[PDB]
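Enquirer: Following this message is one structure expressed as structure tokens.
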Amino acid sequence: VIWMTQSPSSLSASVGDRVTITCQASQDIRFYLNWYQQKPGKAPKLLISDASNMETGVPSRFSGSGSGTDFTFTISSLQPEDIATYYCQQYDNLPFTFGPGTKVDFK
Amino acid sequence: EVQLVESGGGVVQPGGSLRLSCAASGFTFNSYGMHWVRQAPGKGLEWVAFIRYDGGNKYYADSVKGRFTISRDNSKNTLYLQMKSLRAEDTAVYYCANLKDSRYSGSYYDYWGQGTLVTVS
Amino acid sequence: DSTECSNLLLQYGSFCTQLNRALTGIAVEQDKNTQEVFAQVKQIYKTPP
Amino acid sequence: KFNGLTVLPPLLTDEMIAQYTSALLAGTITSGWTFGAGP
Amino acid sequence: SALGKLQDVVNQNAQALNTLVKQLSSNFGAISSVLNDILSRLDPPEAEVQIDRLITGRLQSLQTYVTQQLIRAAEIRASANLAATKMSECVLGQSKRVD
Amino acid sequence: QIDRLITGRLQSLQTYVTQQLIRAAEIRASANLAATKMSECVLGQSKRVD
Amino acid sequence: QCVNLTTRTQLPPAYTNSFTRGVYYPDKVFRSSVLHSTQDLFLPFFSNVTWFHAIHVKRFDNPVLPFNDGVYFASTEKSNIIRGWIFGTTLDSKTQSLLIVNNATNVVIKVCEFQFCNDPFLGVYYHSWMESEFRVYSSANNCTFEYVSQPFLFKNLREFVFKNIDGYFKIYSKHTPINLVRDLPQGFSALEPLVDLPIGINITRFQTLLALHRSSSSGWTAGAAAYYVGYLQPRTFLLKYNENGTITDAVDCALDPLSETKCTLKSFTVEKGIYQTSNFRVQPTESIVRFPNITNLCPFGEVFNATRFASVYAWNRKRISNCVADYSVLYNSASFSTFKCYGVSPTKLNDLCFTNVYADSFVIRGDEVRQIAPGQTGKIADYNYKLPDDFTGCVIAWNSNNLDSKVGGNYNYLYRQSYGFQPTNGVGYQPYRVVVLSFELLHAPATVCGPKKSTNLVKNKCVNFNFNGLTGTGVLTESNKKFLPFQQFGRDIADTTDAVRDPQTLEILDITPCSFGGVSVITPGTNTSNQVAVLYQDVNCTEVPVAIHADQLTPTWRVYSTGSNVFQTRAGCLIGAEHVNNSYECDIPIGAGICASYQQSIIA
Amino acid sequence: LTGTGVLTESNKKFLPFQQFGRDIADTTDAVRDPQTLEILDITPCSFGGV
Ligand SMILES: *[C@@H]1O[C@H](CO)[C@@H](O[C@@H]2O[C@H](CO)[C@@H](O[C@@H]3O[C@H](CO)[C@@H](O)[C@H](O)[C@@H]3O)[C@H](O)[C@H]2NC(C)=O)[C@H](O)[C@H]1NC(C)=O
Ligand SMILES: *[C@@H]1O[C@H](CO)[C@@H](O[C@@H]2O[C@H](CO)[C@@H](O)[C@H](O)[C@H]2NC(C)=O)[C@H](O)[C@H]1NC(C)=O
Ligand SMILES: *[C@@H]1O[C@H](CO)[C@@H](O)[C@H](O)[C@H]1NC(C)=O
Ligand SMILES: *[C@@H]1O[C@H](CO)[C@@H](O)[C@H](O)[C@H]1NC(C)=O
Ligand SMILES: *[C@@H]1O[C@H](CO)[C@@H](O)[C@H](O)[C@H]1NC(C)=O
Ligand SMILES: *[C@@H]1O[C@H](CO)[C@@H](O)[C@H](O)[C@H]1NC(C)=O
Ligand SMILES: *[C@@H]1O[C@H](CO)[C@@H](O)[C@H](O)[C@H]1NC(C)=O
Ligand SMILES: *[C@@H]1O[C@H](CO)[C@@H](O)[C@H](O)[C@H]1NC(C)=O
Ligand SMILES: *[C@@H]1O[C@H](CO)[C@@H](O)[C@H](O)[C@H]1NC(C)=O
Ligand SMILES: *[C@@H]1O[C@H](CO)[C@@H](O)[C@H](O)[C@H]1NC(C)=O
């Protein structure tokens, strides 16, 4: 089993601020990491697949990168609509696992 | 166009059982593998199980292994999760999903249902 | 109901098929034996009142 | 049964066999050996 | 003892089945006659060896059962053939064959 | 590894021969009946029913 | 340069009946005038193949599809819009991907780290004609494989099968004429092997490549294009080879009871009669574990909550025996500052048994706690309390500053000298209470065991069970057997258990095997009819649908799980035959006076 | 593809992709020569009792 962690567990930022979320794997998941965005009352939405591949419809302000055990998710200019809990998921091998999740709040 | 609808939730007693189902439409259900994911109140996402497109190979999380069974009927486009000997810790919102996965399911698209609440007490 | 044993059993060939066939042949024969002894009339004859 | 052992039923029941026997008896009593070689 | 001839057939076949089942309790050199004990105690590379010992013994026991059933079946067939002949010659006619 | 093949193949051959002996006995009985019928049905007139 | 063609949303799927298509030569072996049974990945008969319209009439929707265990692909076009395919996983510069492109004169197959466009296509220009692969990918590096040959590609129907086994990418193909539209043709045609590529890459996803004409994304136009995609499954087929080594027919052995019979008999023609083709087994639905209640828990609290603890130079010992050691009580306690175990994990302790358990206890300083372990040295480790290198047990400790400290110094506690513990001392100087649980496992009867977890009791269902160590599989029902007060389970004349006493309720339960038996198919003969009836031997009709696993079968096989025509006989449950009150000469024997015949439908 | 036997010219018609053939017992009885693409029949080397 591959354990996933995230840091910080929670961050606050204002509009236009740069927001970064770190996700780590206990093992090498290669580039196999999905980034999800979940808002209250809704199912998680996928923003990035395979470490850095953006999903269609996802704003250009969203990006990410990384390889092996250390991955980063970035918002280059936080909007009022980007307030959500972000999750990382590894899918190198089964069982699949999600990280604790990082909550982004409003400053 | 694509929809996933969970049902069969409700309230059961500890040591009891409950079977969930998910109706799929708008896509070729029988071409994709499917996942179950649960989220307890105040908690994050926990992966539960995965079944391959042909309904053959089955995989489960360690937290549910030996208690949960995953199945699908490709003639009715319905995914099932049979949970038995449910404990209080199993209280969560259960989702059916098609999770984008370049290694196993081969899915190029990511879809989620609405989620059905299962309470054990 | 052991899968591990079943997979090993397959490596011995068709012994099980032969055994199943032998017992099936006997079972069929048992009905032939009864038919030959008792079913020697084409009509069911009744005695007078 | 626990070990994959089963028993199959006969095609003819005991009642059917008894019926065959009675037909043979009725034949012999009323028609002698003629019924065994024709009408 | 008037019907010993029919009872003997029943007894012999019952005995054969009882023996076949009882053989499943034999080890045949394996650590246990119970297949589950082998799988629970030993890793696959060793469990397979113990299982083969049970397979050989159980397959041999089953083959022995079938062989004797074929031999007994032949005896019953011969008896049925005689019964059928008697039906035709003793019941459906009058025999001149002595005894 | 060879002994494993010898045991299996020897067992298979023994099984074949055993059933041939059993089948041979059946054919022998049938041939004995055919020979009796030749004598009693063809080389004479039988009074034995059926 | 990549452009955006997929500006429209995805259209809803359409489906077509496969009938009998997608069958290929499983190997390169000549076989003639013979029926050969093979297990391989085939397209199931009469399956639903997805019908895609990549170009609808200018709507462009040409999705990435899963590869699964192999793909059946077919198309009917004269415009030569479909040129090739992309196979791979990530489908970007991070991994190796397979690019197959056909053109006017040849076919080019490359495996490289391609960086593909979001919706890749082949660019076609007219000046002579020019073709460009730069509309498929922006770049490619680290190429590992290259192969070039002749082109792979009424109207013409083109069928392909793509497999990827043990690093080998296998392609099969067939080209036939067709005069039908909006469907796949009926009839049989086997696909011959085209190429076997020793590539050694993983494929999980693929995409069809279309050619577009330059006559930015708005400048690309092509006529309507459509194709069919199916998926292969692990199936057994009976293949009919003719006198020339060509496959002329086939049977999908899992399509229906009749096909199953054909595969069993190894024939495409079946005579009137009843045949056993398979078996059914009822599977367990729950696992039931039952033990007696807990009667006595181990007195560990008597040590941990002691009013006073011994000095380290003169530590105390308690002996624990004849009890249930619920170690999880101490492990999950918030009253401890540390809990470490040697030779054993603290989370497995509840499942272990020991011949003796001993609890050692004393008072030390915080900076001395680290000395209570295997492989340690120091004033305590060497002179007061020594643990062996192979020690098995757990060391637990907690702060006792509110108890063992006194104003002016508590000199009642000593070591090999007094401590003088004070409430104002620093963390490493404050008193700590230590308890060590040593686990002795000798060649002797156990005296201490953890608690046994019991589940609820389930009756009248096929379950797995464990009654106080007595295990098996079967159906548990209430028994009318009268056990003596000391008897726990019973056996029959064959020395097999057939009854158990429930360890909690003391109720006697009967044990029966989970239903099993043969499955026989009753047929009038394929020269008369393709109707069949299915007999489930030694089973109750109520249980049939769960014994054959109806949900795992084809719709054709699921008709015979149940229905209007269900007749219970002494031979078993007969489904598909209509019982009548008439009587006829026996045609196809079932048993116990019952026969079946075809009169049109099958009757009993 | 290895074995022992007698190689003779065959009148069997293999498809362009088929390299060798088998009988109903799943034993090879014909092979395509990899250089000439000629089809050859395979027979056992003569044996029997004396
Ligand atoms: C194509 O897919 C297969 C299946 O997923 C890939 O095989 C997997 O390869 C990884 C290593 O890259 C294996 O992980 C290793 O397992 C050993 C044993 O536990 C461990 O000691 C190593 O540290 C590492 O975790 C993985 O088990 C293996 N999966 C299977 C089923 O064998 C294959 O690598 C993929 N090919 C390419 C080019 O990616
Ligand atoms: C169809 O594909 C073939 C194979 O790639 C192309 O032929 C190549 O053309 C280049 C450029 O002249 C040569 O350097 C290669 O040596 C040729 N390969 C072979 C095997 O001859 C062909 O040009 C393509 N057709 C079109 C219209 O582009
Ligand atoms: C194909 O789909 C139809 C519904 O459109 C369904 O009734 C039929 O059973 C399916 N066939 C198979 C083999 O799944
Ligand atoms: C090219 O691909 C092979 C196989 O994946 C890999 O081992 C090699 O390191 C790659 N070369 C470069 C420069 O990436
Ligand atoms: C088999 O081949 C012969 C020529 O050798 C041909 O005449 C015959 O029609 C072929 N049979 C079939 C079914 O194609
Ligand atoms: C277990 O406890 C239950 C509930 O008090 C009681 O009914 C049952 O008889 C007890 N069984 C044993 C073995 O103590
Ligand atoms: C088999 O079918 C033929 C017609 O093709 C028919 O003439 C014949 O009587 C049938 N045989 C039986 C037993 O029905
Ligand atoms: C089948 O089960 C029912 C109860 O569901 C029972 O009444 C019936 O007698 C059983 N039939 C046989 C042959 O045992
Ligand atoms: C047969 O007779 C029984 C009454 O004994 C009746 O209930 C049943 O419906 C009849 N079935 C048919 C086919 O006539
Ligand atoms: C091998 O070379 C010979 C001589 O040119 C030729 O006749 C034969 O067909 C060739 N075979 C193959 C497989 O290339």
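Enquirer: Output ³J(HN,Hα) for segment G:93-109: one whole-Hz value per residue in order, computed from phi by the Karplus curve 6.51 cos²θ - 1.76 cosθ + 1.60 with θ = phi - 60°, and x for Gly and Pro.
Expert: 5, 7, 9, 6, 9, 9, 10, 10, 10, 9, 9, 4, 10, 8, 10, 10, 10
Enquirer: So if I take the alpha carbon set of segment A:4-106, get Rg, then get Rh from the Kirkwood formula, what is the Rg over Rh ratio?
Expert: On the way: Rg = 12.7 Å, Rh = 13.5 Å.
Rg/Rh for segment A:4-106 comes to 0.94.
Enquirer: Further, regarding this structure: Magnitude of the Cβ-charge dipole of chain A, K/R +1 and D/E -1, about the Cα centre, nearest 20 debye?
Expert: Details: 8 positive and 9 negative charges, 54 e Å.
Using only the charged Cβ atoms, the result is roughly 260 debye.
Enquirer: Then there's this: For chain G, what Kirkwood radius comes out of the mean inverse Cα-Cα distance, in Å? Show your work: numbers first, answer last.
Expert: On the way: mean 1/r = 0.0310 Å⁻¹.
Across chain G, the inverse of the average 1/r is 32.3 Å.
Enquirer: Hey, another quick one. Taking just the alpha carbons, could you work out the radius of gyration and Dmax for segment B:3-120, both in angstroms?
Expert: For segment B:3-120, the Cα-based Rg and Dmax read 13.4, 39 Å.
Enquirer: Check cross-link reach from G:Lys461 to the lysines: straight Cα distance under 26 Å, and skip same-chain residues fewer than eight apart.
Expert: Output for G:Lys461: B:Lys58, B:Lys65, B:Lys84, D:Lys1, G:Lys452, G:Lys453, G:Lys481, G:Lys482.
Enquirer: Work from the charge dipole of segment A:4-106 (Cβ charges, +1 for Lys and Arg, -1 for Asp and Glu, about the Cα centre) and give the residue of A:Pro40, A:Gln90, A:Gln6 farthest towards its positive end.
Expert: Farthest towards the positive end: A:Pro40.
Enquirer: If you take each beta carbon of peptide G:292-299 and count the beta carbons of other chains within 10 angstrom, what is the mean? It would help to have the intermediate numbers written out before the result.
Expert: Working: counts 0, 0, 0, 0, 0, 0, 0, 0.
Across the residues of G:292-299, the mean count of other-chain Cβ atoms within 10 Å is 0.
Enquirer: Taking each residue of B:29-39 in turn, how many C-beta atoms of other protein chains fall within 10 Å of its C-beta, and what is the average? Kindly include the intermediate steps, with their values, before the conclusion.
Expert: Working: counts 1, 6, 10, 3, 2, 0, 1, 0, 5, 0, 5.
For peptide B:29-39, the averaged partner shielding equals 3.
Enquirer: Here is a follow-up. Taking 1 over the mean of 1/r across every pair of different Cα atoms in segment G:243-400, what Kirkwood radius in Å do you get? Working shown, then result.
Expert: Numbers: mean 1/r = 0.0459 Å⁻¹.
After inverting the pairwise mean of 1/r, the radius is 21.8 Å.
Enquirer: Below 10 angstrom from the Cβ of E:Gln50, what's the summed charge of the other residues (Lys, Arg +1; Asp, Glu -1)? Please list the in-between numbers first.
Expert: Working: positive: E:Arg41, E:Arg53; negative: E:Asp37, E:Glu46, E:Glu48, E:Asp52.
Net charge around E:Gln50: -2.
Enquirer: Here's a follow-up. HN-Hα J couplings of segment G:472-488 from phi, Karplus 6.51/-1.76/1.60, θ = phi - 60°, integer Hz, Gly and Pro as x?
Expert: Running phi through 6.51 cos²θ - 1.76 cosθ + 1.60 with θ = phi - 60° gives x, 10, x, 9, 9, 9, 5, 10, 9, 6, 10, 7, 6, x, 9, 8, 9 Hz.
Enquirer: Need the C-alpha centroid separation for segment G:511-540 versus segment G:468-492, integer Å.
Expert: When both Cα centres are located, 33 Å separates them.
Enquirer: Rg and Dmax of the protein assembly as shown, using alpha carbons, in Å: what are they?
Expert: Rg and Dmax of the protein assembly as shown, Cα atoms, are 38.4, 135 Å.
Enquirer: Of G:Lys28/G:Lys94; G:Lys240/H:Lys12; G:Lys170/G:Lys240; G:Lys174/H:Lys13, which ones are farther than 27 Å apart at the Cα?
Expert: On the way: G:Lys28/G:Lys94 36 Å; G:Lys240/H:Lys12 18 Å; G:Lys170/G:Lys240 23 Å; G:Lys174/H:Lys13 20 Å.
Long pairs (Cα-Cα over 27 Å): G:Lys28/G:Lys94.
Enquirer: For the protein assembly as shown, what is the charge dipole size about the Cα centre, in debye to the nearest 20, if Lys and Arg each add +1 at the Cβ and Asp and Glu each add -1 at the Cβ?
Expert: On the way: 96 positive and 93 negative charges, 235 e Å.
Using only the charged Cβ atoms, the result is roughly 1120 debye.
Enquirer: So for G:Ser47, G:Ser218, fewest C-beta neighbours within 10 Å to most, what's the order? Mind showing how you got there, number by number?
Expert: Numbers: G:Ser47 22, G:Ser218 10.
Listing G:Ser47, G:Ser218 from fewest to most nearby Cβ atoms yields G:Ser218, G:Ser47.
Enquirer: Which ³J(HN,Hα) values in Hz, rounded to whole numbers, follow from the phi angles of segment B:33-42 under the Karplus curve 6.51 cos²θ - 1.76 cosθ + 1.60, where θ = phi - 60° and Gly and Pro get x?
Expert: x, 10, 10, 10, 10, 10, 9, 5, x, x
Enquirer: Which of B:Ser102, B:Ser71, B:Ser85 moves the most in a Gaussian network model of chain B with Cα springs under 10 Å?
Expert: Greatest mean-square fluctuation among the candidates belongs to B:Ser102.
Enquirer: Of G:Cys449, G:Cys112, how do they rank once you tally other Cβ atoms within 10 Å and put the fewest first? Numbers along the way, then the final one.
Expert: Details: G:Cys449 15, G:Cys112 19.
Arranged by neighbour count, lowest to highest, G:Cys449, G:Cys112 become G:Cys449, G:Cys112.
Enquirer: Which value, in nm² and rounded to one decimal, describes the direction-averaged projected area of the C-alpha convex hull of chain C?
Expert: Orientation-averaged projected area of the Cα hull: 6.5 nm².
Enquirer: So if I average 1/r over every pair of distinct C-alpha atoms in segment G:438-591 and take the inverse, what Kirkwood radius in Å does that give?
Expert: Numbers: mean 1/r = 0.0506 Å⁻¹.
Averaging 1/r across every pair of different Cα atoms and inverting gives 19.8 Å.
Enquirer: Please compute the contact order of chain A in relative form: average sequence separation of alpha-carbon pairs under 8 Å and at least six residues apart, divided by the residue count, as a percent. List each step's numbers first, then the result.
Expert: On the way: 267 pairs, mean separation 41.0, N = 107.
RCO, chain A: 38 percent.
Enquirer: G:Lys406: which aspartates and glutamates have alpha carbons under 20 Å from its alpha carbon, excluding same-chain residues fewer than 8 sequence positions away?
Expert: Straight-distance partners of G:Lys406: G:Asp367, G:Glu368.
Enquirer: By counting other Cβ atoms within 10 Å of each Cβ, how are H:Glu38, D:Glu15 ranked from fewest to most?
Expert: Details: H:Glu38 11, D:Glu15 8.
Listed from fewest to most nearby Cβ atoms, that is D:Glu15, H:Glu38.
Enquirer: For segment F:11-44 and segment A:1-80, compute the distance between their C-alpha centroids and round to whole Å.
Expert: Computed from Cα coordinates, the inter-centre distance equals 83 Å.
Enquirer: State the Cα centre-to-centre distance between segment G:138-186 and segment B:20-99 in whole Å.
Expert: Taking the Cα centre of segment B:20-99 as reference, the centre of segment G:138-186 is 35 Å away.
Enquirer: As an exercise, identify the chymotrypsin sites (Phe, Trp or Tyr not before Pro) in segment G:519-584 lying in DSSP coil whose Cβ has no more than 16 other Cβ atoms within 10 Å. Numbers along the way, then the final one.
Expert: Values: sites: G:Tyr536, G:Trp557, G:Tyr560, G:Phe567, G:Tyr584; in loops: G:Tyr560, G:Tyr584.
Of the chymotrypsin sites (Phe, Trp or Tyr not before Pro), the ones in loops of segment G:519-584 whose Cβ has at most 16 other Cβ atoms within 10 Å are G:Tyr584.
Enquirer: Computed over the Cα atoms of segment G:313-441, what is the ratio Rg over Rh, Rh following Kirkwood? Don't jump to the answer; show the numbers that get you there.
Expert: Working: Rg = 15.2 Å, Rh = 15.5 Å.
Taking Rh as the inverse mean 1/r over Cα pairs, Rg/Rh reads 0.98.
Enquirer: Taking only Cα atoms and a 10 Å spring cutoff, compute GNM fluctuations for chain E and point out the largest among E:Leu62, E:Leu24, E:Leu70.
Expert: Maximum fluctuation in the GNM of chain E, among the listed residues, is at E:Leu70.
Enquirer: What is the ratio of the Cα radius of gyration of chain F to 2.2 N^0.38 Å, where N is its residue count, to two decimals? Working shown, then result.
Expert: Details: Rg = 20.5 Å, N = 50, 2.2 N^0.38 = 9.7 Å.
Taking N as the residue count of chain F, the ratio is 2.10.
Enquirer: Quick one: net charge of G:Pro177's neighbours, Cβ under 13 Å, K/R +1, D/E -1?
Expert: +3
Enquirer: On to the next question. Loop only per DSSP, at most 16 neighbouring Cβ atoms within 10 Å: give me the GluC sites (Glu not before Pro) in segment G:456-554, ordered by residue number.
Expert: When the GluC sites (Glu not before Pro) of segment G:456-554 are filtered for loop state and at most 16 Cβ neighbours within 10 Å, G:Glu507 remain.
Enquirer: At 25 °C and a viscosity of 0.890 mPa s, what translational diffusion coefficient does Stokes-Einstein give for chain H, taking Rh as the Kirkwood radius over Cα pairs? Give it in µm²/s as a whole number.
Expert: Answer, rounded: 208 µm²/s.
Enquirer: I'd like to compare G:455-468, F:31-44, G:356-369: which one has the highest average count of other Cβ atoms within 10 Å, and what's the full order after that? Walk me through the intermediate numbers first.
Expert: Numbers: G:455-468: 16.9, F:31-44: 10.2, G:356-369: 20.5.
The densest-packed peptide leads the list: G:356-369, G:455-468, F:31-44.
Enquirer: Hey, another quick one. Using only the alpha carbons of chain E, what is the convex hull's orientation-averaged projected area in square nanometres? Provide the component values of the computation, followed by the final result.
Expert: Working: hull surface 36.8 nm².
Approximately 9.2 nm², given one-decimal rounding.
Enquirer: Compare B:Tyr95, B:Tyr53, B:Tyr80 in a GNM of chain B, Cα atoms joined below 10 Å, and give the one with the largest fluctuation.
Expert: Evaluated over chain B, the most mobile residue of the options is B:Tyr53.
Enquirer: Taking +1 at the Cβ of each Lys and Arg and -1 at the Cβ of each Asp and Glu, which of G:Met130, G:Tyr147, G:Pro120 sits farthest along the dipole of the protein assembly as shown towards its positive end, judged by Cα position relative to the Cα centre?
Expert: Comparing the listed Cα positions along the dipole, G:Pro120 ranks first.
Enquirer: Taking the Cα centre as origin and putting +1 on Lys and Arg beta-carbons and -1 on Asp and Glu beta-carbons, what dipole magnitude results for segment B:3-120, to the nearest 20 debye? Mind showing how you got there, number by number?
Expert: Values: 13 positive and 9 negative charges, 44 e Å.
Magnitude of the dipole: close to 220 debye.
Enquirer: Within segment A:1-63, which chymotrypsin sites (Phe, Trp or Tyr not before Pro) sit in a loop by DSSP and count at most 13 neighbouring Cβ atoms inside 10 Å? The partial results should precede the final answer.
Expert: Working: sites: A:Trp3, A:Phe31, A:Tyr32, A:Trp35, A:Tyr36, A:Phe62; in loops: A:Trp3, A:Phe31, A:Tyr32.
Loop-located and lightly packed - A:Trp3.
Enquirer: Please compute the average number of Cβ atoms from other chains found within 10 Å of each residue's Cβ in peptide E:81-92. Let's see the in-between values first.
Expert: Numbers: counts 5, 1, 5, 9, 5, 1, 10, 6, 5, 1, 9, 13.
The per-residue average across the peptide is 6.
Enquirer: Can you find, among C:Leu8, C:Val41, C:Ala22, the residue sitting farthest towards the positive end of the charge dipole of chain C, where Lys and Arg contribute +1 and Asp and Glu -1 at Cβ?
Expert: Ranked along the dipole, the leading option is C:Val41.
Enquirer: Indicate the gyration tensor shape class of segment G:165-296 (rounded, prolate or oblate), computed on the Cα atoms with a ≥ b ≥ c the square roots of the eigenvalues: a/c under 1.5 is rounded; otherwise a/b larger than b/c is prolate and the rest oblate.
Expert: Values: a/c = 2.51, a/b = 1.39, b/c = 1.80.
The shape class here is oblate.
Just so you know, all these numbers are worked out from the coordinates, no wet-lab data involved. Please note: Cβ atoms are built from the backbone with ideal geometry, for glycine as well, and neighbour counts cover all protein chains shown.
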